[PDB]
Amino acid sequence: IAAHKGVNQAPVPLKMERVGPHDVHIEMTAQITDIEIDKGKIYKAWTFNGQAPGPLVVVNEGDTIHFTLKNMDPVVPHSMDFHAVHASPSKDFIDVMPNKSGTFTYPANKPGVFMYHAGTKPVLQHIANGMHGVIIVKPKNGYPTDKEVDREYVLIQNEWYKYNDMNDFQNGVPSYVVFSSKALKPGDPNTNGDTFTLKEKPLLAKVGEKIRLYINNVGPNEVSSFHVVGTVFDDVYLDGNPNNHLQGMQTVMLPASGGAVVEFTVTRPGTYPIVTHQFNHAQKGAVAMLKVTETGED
């Protein structure tokens, strides 16, 4: 895109603040940012806030979100669709033009781990170019296993294709399939979807801990067969809804846009790969590492 040539906008922090007991303001940007998706390979991504996937949003069940999108792209319109909310797509997920802003208000009344993405036609183009992320809606009454959990992380799976190639997006195999992690607190890792970061800088844990991961497969096109090597999921909650509760799974099937909360134990020290078990995708990048030490540091 000629107007994107030499555009590289620096990442903007997510702006959030609570304005009432069940009302929250969120402000995000649409912006064009270069991300290194594999060693030596830059993708000029269409992003929220200069991250792909975008920043993590965490709200509580029953919050109303008053959301503002500032479009920094000089030519392409962008929009936001949150899977968490009930809204009118043709009134509330509409396009925000270049250098313009839009504000929208809608409720999050279901707990879970939800995809968000741009809703601008062709949606495939916006998702594939990087406009995806996750919003977590915390359940009012928690999960039944909350007392047993020691440590929490967020992981997101996405694909990358040949740059802005609609034929490849529609008809091709992914070039790369990747994990990223987003921070539930400062001090947690917060990364972009790339083939290497979570191998070189693993997630940490301590021997004996019960780990909770909040996971979402944003696609755009593939399903995921999510598995942690060396363990079995003790509990699974499909889409993060506490009522959707499975036990003792080896692997969790996730549709495109599907989420889960998964919990498992790590019993021995060592390095534990995290994969999609569709091993063509794992080979193309989708392996993250969990390093489990006798202290929880390293």
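One rule holds for the numbers: they count along the sequence shown, beginning at 1.
Averaged over Cα atoms, the B-factor as recorded in the entry is higher for 87 to 95 than for the other of 211 to 219 and 87 to 95. Here 55 to 63 and 250 to 258 are compared by their mean Cα B-factor, and 55 to 63 comes out higher. Take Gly193, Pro186, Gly133, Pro174 and read off each C-alpha B-factor from the entry; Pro186 has the highest.
In the PDB entry, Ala286 places in the lowest third of its chain by CA B-factor. Among all modelled residues in its chain, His25 ranks in the middle third by Cα B-factor. Sorting the modelled residues of the chain by their CA temperature factor places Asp168 in the middle third.
In the PDB entry, a CA B factor belonging to the highest third of its chain's modelled residues is recorded for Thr145. Among the modelled residues of its chain, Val75 has a C-alpha B-factor that falls in the highest third according to the deposited record.
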